[PDB]
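Listed below are the residues making up each chain.
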Amino acid sequence: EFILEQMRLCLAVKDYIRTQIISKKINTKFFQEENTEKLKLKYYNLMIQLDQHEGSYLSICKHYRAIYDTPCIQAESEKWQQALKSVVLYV
């Protein structure tokens, strides 16, 4: 959480290179989300915001596919609909 916090601050300053540099320090620390889900959602949402800046179109698709996490996300279908629609829209 501490290392994820300043990423949004660096986005706010609009210095994308430093955000991308500090982003690589979390991805390798996977398989710890057995009891946390908010962290994963925010973690993926930051890259959703970042990647669609310049021209990226596959990475945003990968993230929206990654919104397939713990069933706590798909048990409220009213927004699971657009969650599964945005991916096929970006494909």
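Residues numbered from 1 in each chain as written, not as in the entry; some residues may be left out. Part of a larger assembly, values for the part shown. Heavy atoms only, no water.

Taking the PDB entry as the reference, the protein chain is identified by name as 26S proteasome non-ATPase regulatory subunit 12 belonging to Homo sapiens. Under its PDB header, the title given for this structure is "Cryo-EM structure of human 26S proteasomal RP subcomplex (Ea state) without any bound substrate".

Undergrad: Can you tell me about helix 5 (residues 77-90), naming the residues and giving the values?
TA: With 14 residues, helix 5 should cover 20 Å at 1.5 Å per step; its first-to-last C-alpha distance of 20 Å lies within 8% of that length. Every buried residue belonging to helix 5 is among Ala 83, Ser 86 and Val 87, and all of these are buried. The arc that holds every buried residue of helix 5, seen down its axis, measures 100°, which confines them to one face. Helix 5 presents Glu 78, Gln 81, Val 88 and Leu 89 as exposed residues on the side facing more than 90 degrees away from its buried surface. Of the surrounding secondary structure, the elements contacted by the buried residues of helix 5 are helix 4 (59-65). (Helix = DSSP H or I, 4+ residues; strand = E, 2+ residues; numbered from the N terminus. Expected span 1.5 Å × (residues − 1). Buried < 20%, exposed > 50% of the residue type's maximum accessible area, 1.4 Å probe, protein only. Arc of directions from axis to C-beta. Contact = heavy atoms within 4.5 Å.)

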